[PDB]
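*Asks:* Here it is: the structure, laid out below.
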Number of protein chains: 2
Amino acid sequence: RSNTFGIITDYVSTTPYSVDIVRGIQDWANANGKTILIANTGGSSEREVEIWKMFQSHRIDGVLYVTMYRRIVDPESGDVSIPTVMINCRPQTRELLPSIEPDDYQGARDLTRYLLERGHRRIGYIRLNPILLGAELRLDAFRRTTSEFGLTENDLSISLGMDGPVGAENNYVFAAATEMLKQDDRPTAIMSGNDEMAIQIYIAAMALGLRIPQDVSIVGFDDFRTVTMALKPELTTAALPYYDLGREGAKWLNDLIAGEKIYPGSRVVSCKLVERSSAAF
Amino acid sequence: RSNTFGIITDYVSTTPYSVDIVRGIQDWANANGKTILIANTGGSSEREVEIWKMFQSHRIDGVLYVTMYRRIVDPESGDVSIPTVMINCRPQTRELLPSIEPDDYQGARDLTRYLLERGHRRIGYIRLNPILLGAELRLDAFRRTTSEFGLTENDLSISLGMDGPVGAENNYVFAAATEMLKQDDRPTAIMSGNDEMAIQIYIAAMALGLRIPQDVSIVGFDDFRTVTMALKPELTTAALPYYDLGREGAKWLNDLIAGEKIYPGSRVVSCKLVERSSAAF
């Protein structure tokens with residue numbers, strides 16, 4: 001046993017909004033006497049194969065396969081066999097490896113219900129990049145939760161805010177939010193695909209003389225600290241349990257490495273609704 | 001030769017605004033046939049010593065010692081000897097190792113001159129965490145550049161925006177910017193310690209009915225993409241050459257590993273002024 005865990009990640013050099021998983025892994029590692037080595041594939045199957053080979057060569061005890069955003073994918077390990085736990089992603093092949101992911105659907109559901117229980121009936125939703133699985137699941141939740149409550153597609157204002165390659169998108173959130181807020185039947189609440197996008201929606205609203213809670217409520221998603229605590233009023237959002245995913249994933253890998261009869265399958269960790277002050281009745 | 005470079009970083013799990021250095025290193029590595037393994041010290045001398053030992057054990061060809069923010073520090077490698085190049089930091093011991101850093105002073109100087117050449121005479125500056133070397137150097141530049149031009153301390157509005165442990169500060173940027181903008185002799189331009197802080201200054205200004213370029217110009221620092229392109233108007237700033245620091249640092253390490261008579265000493269890469277539309281005459 002080298003007591004070294006290897007993390008194979010995909011887009012960490014271009015996606016720094018998921019480092020909290022690493023933070024969770026590292027924190028757990030420091031409390032359990034293990035060292036962590038990180039390798040990035042950049043999304044290349046070729047380089048990934050080579051990385052697995054490298055880890056075998058270095059006698060890594062286990063691997064935490066971590067994706068920057070939620071994905072469904074089978075790792076490309078060639079002929080390498082090392083105990084592995086997937087975090088923030090799920091294998092394409094049923095039960096190929098144990099996995100732990102955040103519940104985008106539940107989070108969006110609870111955030112939508114939050115607004116509904118707060119009197120909002122005309123709700124807007126500006127979509128995160130459609131290529132993202134998480135983006136679509138959050139939208140799926142918004143659509144059904146609002147229908148289950150009674151609102152009709154006619155009470156909603158849904159618009160795309162961006163498209164293109166992740167982390168290099170054609171971004172028009174500000175323009176989309178502006179059009180949405182200038183509508184004759186202006187929504188009273190707007191749900192942002194994620195916290196990052198909320199920055200543009202806050203500016204769009206204020207640029208039209210609207211006061212946040214008072215004139216329009218805004219909620220985000222992720223609890224990306226850099227943003228949520230920068231915006232004023234403080235942004236009410238759904239926190240992706242990244243830190244916990246990392247800590248839980250690491251412990252799980254540790255038990256798997258030590259044997260243990262832990263039925264793999266998939267674990268899904270809930271997203272905590274973080275109530276701040278960007279929404280009003 | 002393993003053709004593997006190791007990156008020893010400090011606060012990457014809690015500071016994701018410097019991943020671009022890694023992006024630059026990784027990009028160079030992919031174009032030169034090398035693999036990159038990353039290890040984080042979390043700021044612990046103890047864990048760092050152990051990490052150097054680990055790298056020696058794994059036969060890493062060289063190390064890129066990268067700090068999340070600009071620092072002056074001697075690596076704690078114990079008895080380990082491996083070709084090393086420092087990036088975004090400088091050794092405490094004169095010429096202990098080659099190093100390449102961004103020029104915070106030059107960047108702040110050019111950004112201050114930018115405003116001065118644009119008619120501004122009453123300028124505000126909201127300070128980044130004073131514990132940060134970079135924060136102080138940018139302030140040093142603002143102070144002398146404004147004096148060299150002719151303005152007096154009396155024409156400036158300088159205030160702290162935060163303090164405490166980096167990445168866990170007591171943050172009052174919004175409140176400080178609000179007080180500053182409510183002054184009877186309101187500054188016409190405000191320089192933000194960094195781009196992240198600009199989010200709060202934009203909101204502070206708009207919350208008072210002020211229009212950005214029209215009523216008050218705002219410039220930032222870093223060119224933290226997540227922010228600069230989210231704020232509207234687009235934020236004029238000084239770009240920290242992170243990507244280039246990584247690419248240059250990696251090449252430099254490569255030459256050092258291959259021998260080459262490259263006088264170590266320190267290299268300082270300029271910060272590019274990125275003109276957008278958050279400032280007006």
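Each chain in the structure tokens gets a letter, A, B, ..., in the order shown, and its residues are numbered from 1; ligands are numbered from 1 in order too.
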Tell me the residues of chain B close to chain A, meaning within 7 Å using only C-alpha atoms, as a list in words.

*Replies:*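 My answer is residues 13, 14, 16, 19, 20, 22, 23, 36, 37, 38, 39, 58, 199, 200, 203, 206, 230, 231 and 232 of chain B.
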
*Asks:* Could you give me, as a list in words, the residues within 12 Å of residue 117 in chain A, counting only C-alpha atoms and dropping anything in the same chain fewer than 3 positions from it?

*Replies:*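 The neighbour list is residues 110, 111, 112, 113, 114, 120, 121, 145, 146, 149, 279, 280 and 281 of chain A.
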
*Asks:* Could you take the residues named above and write them with C-alpha atoms, as a PDB file, in the first residue's frame?

*Replies:*
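File result19.pdb, as written:
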ATOM      1  CA  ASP A 110     -36.997  22.231  -4.017  1.00  0.00           C
ATOM      2  CA  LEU A 111     -35.919  25.631  -5.316  1.00  0.00           C
ATOM      3  CA  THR A 112     -38.967  25.807  -7.588  1.00  0.00           C
ATOM      4  CA  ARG A 113     -41.284  24.799  -4.712  1.00  0.00           C
ATOM      5  CA  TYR A 114     -39.595  27.471  -2.577  1.00  0.00           C
ATOM      6  CA  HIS A 120     -44.834  33.431  -7.303  1.00  0.00           C
ATOM      7  CA  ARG A 121     -46.954  32.301 -10.240  1.00  0.00           C
ATOM      8  CA  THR A 145     -42.699  20.890 -10.327  1.00  0.00           C
ATOM      9  CA  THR A 146     -44.498  23.882 -11.775  1.00  0.00           C
ATOM     10  CA  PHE A 149     -48.357  22.691  -8.591  1.00  0.00           C
ATOM     11  CA  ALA A 279     -36.201  36.293  -2.898  1.00  0.00           C
ATOM     12  CA  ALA A 280     -39.347  37.817  -1.368  1.00  0.00           C
ATOM     13  CA  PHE A 281     -43.013  36.848  -1.262  1.00  0.00           C
TER      14      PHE A 281
END

*Asks:* How many Å separate CA of residue 122 in chain B from CA of residue 222 in chain B?

*Replies:*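 That distance, rounded to one decimal, is 23.1 Å.
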
*Asks:* When DSSP is applied to the backbone of this structure, which of range 50-144 of chain B are assigned alpha helix (DSSP H)? Write them out as a PyMOL selection string.

*Replies:* chain B and resi 50-57+104-116+133-144

*Asks:* Next, write the just-selected residues to a file, as a short mmCIF file (atom, residue, chain, number, x, y, z; two decimals), in the first residue's frame, keeping N, CA, C and O atoms as the atom set.

*Replies:*
data_model
loop_
_atom_site.label_atom_id
_atom_site.label_comp_id
_atom_site.auth_asym_id
_atom_site.auth_seq_id
_atom_site.Cartn_x
_atom_site.Cartn_y
_atom_site.Cartn_z
N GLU B 50 6.87 15.91 2.76
CA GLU B 50 6.44 14.58 2.37
C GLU B 50 6.15 14.50 0.87
O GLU B 50 6.41 13.47 0.23
N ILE B 51 5.63 15.58 0.30
CA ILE B 51 5.32 15.59 -1.13
C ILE B 51 6.59 15.56 -1.98
O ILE B 51 6.62 14.89 -3.01
N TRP B 52 7.62 16.28 -1.56
CA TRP B 52 8.87 16.29 -2.30
C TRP B 52 9.46 14.88 -2.28
O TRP B 52 9.99 14.38 -3.28
N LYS B 53 9.37 14.24 -1.11
CA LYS B 53 9.87 12.89 -0.92
C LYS B 53 9.12 11.96 -1.87
O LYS B 53 9.71 11.11 -2.53
N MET B 54 7.80 12.14 -1.94
CA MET B 54 6.97 11.33 -2.83
C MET B 54 7.40 11.50 -4.28
O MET B 54 7.50 10.52 -5.02
N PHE B 55 7.64 12.74 -4.70
CA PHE B 55 8.05 12.97 -6.08
C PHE B 55 9.39 12.34 -6.41
O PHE B 55 9.57 11.81 -7.51
N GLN B 56 10.33 12.38 -5.48
CA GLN B 56 11.63 11.77 -5.71
C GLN B 56 11.41 10.28 -5.92
O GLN B 56 11.92 9.69 -6.86
N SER B 57 10.62 9.69 -5.02
CA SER B 57 10.30 8.27 -5.08
C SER B 57 9.70 7.85 -6.42
O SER B 57 10.00 6.77 -6.93
N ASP B 104 2.56 42.82 -10.94
CA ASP B 104 1.44 43.53 -10.31
C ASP B 104 1.64 45.04 -10.32
O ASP B 104 0.71 45.80 -10.58
N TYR B 105 2.85 45.46 -10.01
CA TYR B 105 3.17 46.88 -9.95
C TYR B 105 2.97 47.55 -11.31
O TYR B 105 2.30 48.59 -11.42
N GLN B 106 3.54 46.96 -12.36
CA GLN B 106 3.42 47.52 -13.70
C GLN B 106 1.96 47.56 -14.13
O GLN B 106 1.50 48.56 -14.68
N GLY B 107 1.24 46.47 -13.88
CA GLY B 107 -0.16 46.40 -14.26
C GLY B 107 -0.99 47.49 -13.61
O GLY B 107 -1.79 48.15 -14.28
N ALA B 108 -0.81 47.70 -12.30
CA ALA B 108 -1.56 48.72 -11.58
C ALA B 108 -1.14 50.11 -12.04
O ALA B 108 -1.96 51.03 -12.10
N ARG B 109 0.14 50.25 -12.38
CA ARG B 109 0.66 51.52 -12.86
C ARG B 109 -0.03 51.88 -14.18
O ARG B 109 -0.51 53.00 -14.34
N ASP B 110 -0.06 50.94 -15.11
CA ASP B 110 -0.66 51.20 -16.41
C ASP B 110 -2.16 51.43 -16.35
O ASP B 110 -2.71 52.21 -17.13
N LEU B 111 -2.82 50.77 -15.41
CA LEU B 111 -4.26 50.91 -15.24
C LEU B 111 -4.56 52.28 -14.63
O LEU B 111 -5.53 52.93 -15.00
N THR B 112 -3.69 52.73 -13.73
CA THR B 112 -3.89 54.03 -13.10
C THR B 112 -3.65 55.13 -14.15
O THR B 112 -4.41 56.09 -14.24
N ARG B 113 -2.61 54.97 -14.96
CA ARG B 113 -2.31 55.95 -16.01
C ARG B 113 -3.46 56.00 -17.03
O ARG B 113 -3.77 57.06 -17.59
N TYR B 114 -4.07 54.85 -17.27
CA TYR B 114 -5.19 54.75 -18.20
C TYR B 114 -6.29 55.72 -17.78
O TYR B 114 -6.81 56.49 -18.59
N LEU B 115 -6.63 55.69 -16.49
CA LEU B 115 -7.65 56.58 -15.96
C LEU B 115 -7.21 58.04 -16.01
O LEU B 115 -7.98 58.91 -16.42
N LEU B 116 -5.96 58.30 -15.62
CA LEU B 116 -5.42 59.67 -15.62
C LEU B 116 -5.44 60.30 -17.01
O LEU B 116 -5.69 61.50 -17.17
N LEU B 133 0.76 39.97 -0.97
CA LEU B 133 1.85 40.77 -1.51
C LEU B 133 1.37 41.53 -2.74
O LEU B 133 1.64 42.72 -2.90
N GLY B 134 0.68 40.83 -3.63
CA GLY B 134 0.17 41.45 -4.84
C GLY B 134 -0.72 42.64 -4.56
O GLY B 134 -0.62 43.67 -5.24
N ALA B 135 -1.59 42.51 -3.55
CA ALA B 135 -2.50 43.60 -3.19
C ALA B 135 -1.73 44.86 -2.83
O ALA B 135 -2.08 45.95 -3.27
N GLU B 136 -0.68 44.69 -2.03
CA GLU B 136 0.13 45.82 -1.59
C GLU B 136 0.91 46.43 -2.74
O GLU B 136 1.06 47.65 -2.82
N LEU B 137 1.44 45.60 -3.63
CA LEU B 137 2.20 46.12 -4.76
C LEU B 137 1.31 46.92 -5.71
O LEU B 137 1.75 47.92 -6.27
N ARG B 138 0.07 46.48 -5.90
CA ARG B 138 -0.84 47.21 -6.77
C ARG B 138 -1.17 48.56 -6.16
O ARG B 138 -1.32 49.56 -6.86
N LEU B 139 -1.28 48.59 -4.83
CA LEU B 139 -1.57 49.82 -4.11
C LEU B 139 -0.36 50.74 -4.15
O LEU B 139 -0.50 51.96 -4.29
N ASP B 140 0.83 50.16 -4.04
CA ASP B 140 2.05 50.97 -4.10
C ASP B 140 2.09 51.70 -5.44
O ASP B 140 2.46 52.87 -5.52
N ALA B 141 1.70 50.99 -6.50
CA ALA B 141 1.70 51.55 -7.85
C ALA B 141 0.69 52.67 -7.98
O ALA B 141 0.98 53.71 -8.55
N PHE B 142 -0.50 52.44 -7.45
CA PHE B 142 -1.56 53.45 -7.51
C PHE B 142 -1.09 54.73 -6.82
O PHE B 142 -1.25 55.82 -7.36
N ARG B 143 -0.52 54.58 -5.64
CA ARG B 143 -0.04 55.73 -4.88
C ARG B 143 1.02 56.55 -5.61
O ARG B 143 0.88 57.76 -5.71
N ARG B 144 2.08 55.91 -6.10
CA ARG B 144 3.12 56.67 -6.79
C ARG B 144 2.72 57.18 -8.18
O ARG B 144 3.10 58.28 -8.56
#

*Asks:* I want to know what sits within 8 Å of range 72-83 of chain A, based on only C-alpha atoms, with residues of the same chain fewer than 5 positions away left out; could you give that as a compact mmCIF listing (two decimals) with N, CA, C and O atoms, in the first residue's frame?

*Replies:*
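Here's the written file around-v8.txt:
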# COMPACT_ATOMS: atom_id res chain seq x y z
N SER A 45 -9.49 10.89 -24.61
CA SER A 45 -9.49 9.46 -24.33
C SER A 45 -8.07 8.92 -24.40
O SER A 45 -7.68 8.08 -23.58
N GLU A 48 -6.11 9.92 -21.39
CA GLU A 48 -6.65 9.22 -20.24
C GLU A 48 -6.08 7.82 -20.13
O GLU A 48 -5.67 7.38 -19.05
N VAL A 49 -6.06 7.10 -21.25
CA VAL A 49 -5.53 5.74 -21.25
C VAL A 49 -4.12 5.76 -20.67
O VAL A 49 -3.77 4.95 -19.81
N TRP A 52 -4.00 6.25 -16.84
CA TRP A 52 -4.29 5.06 -16.05
C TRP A 52 -3.04 4.19 -15.99
O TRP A 52 -2.71 3.62 -14.94
N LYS A 53 -2.36 4.10 -17.12
CA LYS A 53 -1.13 3.32 -17.23
C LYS A 53 -0.11 3.91 -16.27
O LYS A 53 0.58 3.19 -15.54
N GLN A 56 -0.90 2.99 -12.64
CA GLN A 56 -0.59 1.60 -12.32
C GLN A 56 0.91 1.52 -12.06
O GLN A 56 1.34 0.95 -11.06
N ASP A 61 -2.93 3.33 -4.91
CA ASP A 61 -3.83 2.39 -4.24
C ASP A 61 -5.25 2.41 -4.80
O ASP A 61 -5.93 1.38 -4.82
N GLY A 62 -5.70 3.58 -5.23
CA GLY A 62 -7.04 3.69 -5.78
C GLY A 62 -7.20 4.97 -6.59
O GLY A 62 -6.34 5.85 -6.53
N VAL A 63 -8.29 5.07 -7.33
CA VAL A 63 -8.55 6.25 -8.16
C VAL A 63 -9.92 6.86 -7.92
O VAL A 63 -10.92 6.15 -7.77
N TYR A 65 -12.34 9.04 -9.86
CA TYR A 65 -12.61 9.55 -11.19
C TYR A 65 -13.59 10.70 -11.00
O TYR A 65 -14.76 10.47 -10.72
N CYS A 89 -20.24 11.91 -11.49
CA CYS A 89 -20.51 11.27 -12.76
C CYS A 89 -20.98 9.84 -12.53
O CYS A 89 -20.85 9.30 -11.43
N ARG A 90 -21.53 9.25 -13.58
CA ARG A 90 -22.04 7.89 -13.52
C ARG A 90 -21.56 7.14 -14.77
O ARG A 90 -21.46 7.72 -15.85
N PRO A 91 -21.27 5.84 -14.63
CA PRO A 91 -20.81 5.07 -15.78
C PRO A 91 -21.92 4.87 -16.80
O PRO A 91 -23.10 4.84 -16.44
N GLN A 92 -21.55 4.76 -18.07
CA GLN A 92 -22.53 4.53 -19.13
C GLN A 92 -22.96 3.07 -19.00
O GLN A 92 -24.14 2.73 -19.21
N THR A 93 -22.01 2.21 -18.65
CA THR A 93 -22.28 0.79 -18.47
C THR A 93 -22.84 0.56 -17.07
O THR A 93 -22.18 0.86 -16.07
N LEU A 96 -20.92 -0.46 -13.66
CA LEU A 96 -19.53 -0.77 -13.98
C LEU A 96 -18.63 -0.44 -12.78
O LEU A 96 -17.70 -1.19 -12.47
N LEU A 253 -13.94 4.89 -1.41
CA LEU A 253 -12.81 4.27 -2.11
C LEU A 253 -11.93 3.54 -1.10
O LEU A 253 -11.45 2.43 -1.37
N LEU A 256 -13.42 0.26 -0.26
CA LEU A 256 -13.33 -0.63 -1.41
C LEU A 256 -11.92 -1.19 -1.55
O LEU A 256 -11.73 -2.36 -1.88
N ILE A 257 -10.93 -0.34 -1.30
CA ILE A 257 -9.53 -0.75 -1.38
C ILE A 257 -9.21 -1.77 -0.30
O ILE A 257 -8.41 -2.67 -0.51

*Asks:* Using DSSP assignments from the backbone, pull out every residue in range 8-257 of chain A that falls under strand (DSSP E) and give it to me as a short mmCIF file (atom, residue, chain, number, x, y, z; two decimals) with C-alpha atoms, in the first residue's frame.

*Replies:*
data_model
loop_
_atom_site.label_atom_id
_atom_site.label_comp_id
_atom_site.auth_asym_id
_atom_site.auth_seq_id
_atom_site.Cartn_x
_atom_site.Cartn_y
_atom_site.Cartn_z
CA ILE A 8 -8.31 11.53 -12.61
CA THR A 9 -10.20 14.63 -13.62
CA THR A 35 -1.51 11.53 -0.19
CA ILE A 36 -3.35 12.70 -3.30
CA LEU A 37 -1.95 13.00 -6.83
CA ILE A 38 -4.05 14.70 -9.51
CA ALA A 39 -3.94 14.12 -13.29
CA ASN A 40 -6.10 15.93 -15.88
CA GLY A 62 -7.04 3.69 -5.78
CA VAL A 63 -8.55 6.25 -8.16
CA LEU A 64 -11.23 8.88 -7.72
CA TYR A 65 -12.61 9.55 -11.19
CA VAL A 66 -13.93 13.10 -10.94
CA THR A 67 -15.67 15.13 -13.63
CA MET A 68 -15.94 18.93 -13.44
CA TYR A 69 -19.63 18.78 -14.34
CA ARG A 70 -22.11 15.95 -14.12
CA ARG A 71 -21.52 13.37 -16.85
CA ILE A 72 -22.44 9.82 -17.83
CA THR A 84 -12.06 3.15 -8.54
CA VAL A 85 -14.95 5.32 -7.33
CA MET A 86 -16.60 7.85 -9.65
CA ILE A 87 -17.56 11.28 -8.29
CA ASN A 88 -19.95 13.75 -9.96
CA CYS A 89 -20.51 11.27 -12.76
CA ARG A 90 -22.04 7.89 -13.52
CA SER A 99 -20.55 6.29 -8.20
CA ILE A 100 -21.75 9.22 -6.14
CA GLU A 101 -23.43 12.29 -7.66
CA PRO A 102 -25.38 15.40 -6.59
CA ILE A 123 -41.71 32.39 -13.10
CA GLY A 124 -38.78 32.80 -15.45
CA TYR A 125 -35.97 30.31 -16.03
CA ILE A 126 -32.80 31.10 -17.98
CA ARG A 127 -31.16 27.85 -19.08
CA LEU A 156 -43.48 30.47 -17.45
CA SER A 157 -40.77 32.38 -19.30
CA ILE A 158 -38.08 29.91 -20.36
CA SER A 159 -35.08 31.02 -22.40
CA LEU A 160 -31.61 29.80 -23.32
CA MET A 162 -25.91 30.31 -23.69
CA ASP A 163 -24.79 27.58 -26.05
CA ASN A 170 -21.69 32.07 -26.97
CA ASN A 171 -23.08 33.83 -23.89
CA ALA A 189 -39.26 35.53 -10.00
CA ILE A 190 -36.43 34.33 -12.22
CA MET A 191 -34.49 31.14 -11.67
CA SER A 192 -30.96 31.27 -12.99
CA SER A 217 -36.91 37.61 -6.85
CA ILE A 218 -33.85 35.75 -8.14
CA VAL A 219 -32.50 32.34 -7.13
CA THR A 237 -29.56 29.02 -4.09
CA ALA A 238 -29.21 25.23 -4.07
CA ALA A 239 -25.78 24.08 -2.94
#

*Asks:* Suppose you want the space between CA of residue 188 in chain A and CA of residue 241 in chain A; what is it in Å?

*Replies:*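 CA of residue 241 in chain A lies 28.4 Å from CA of residue 188 in chain A.
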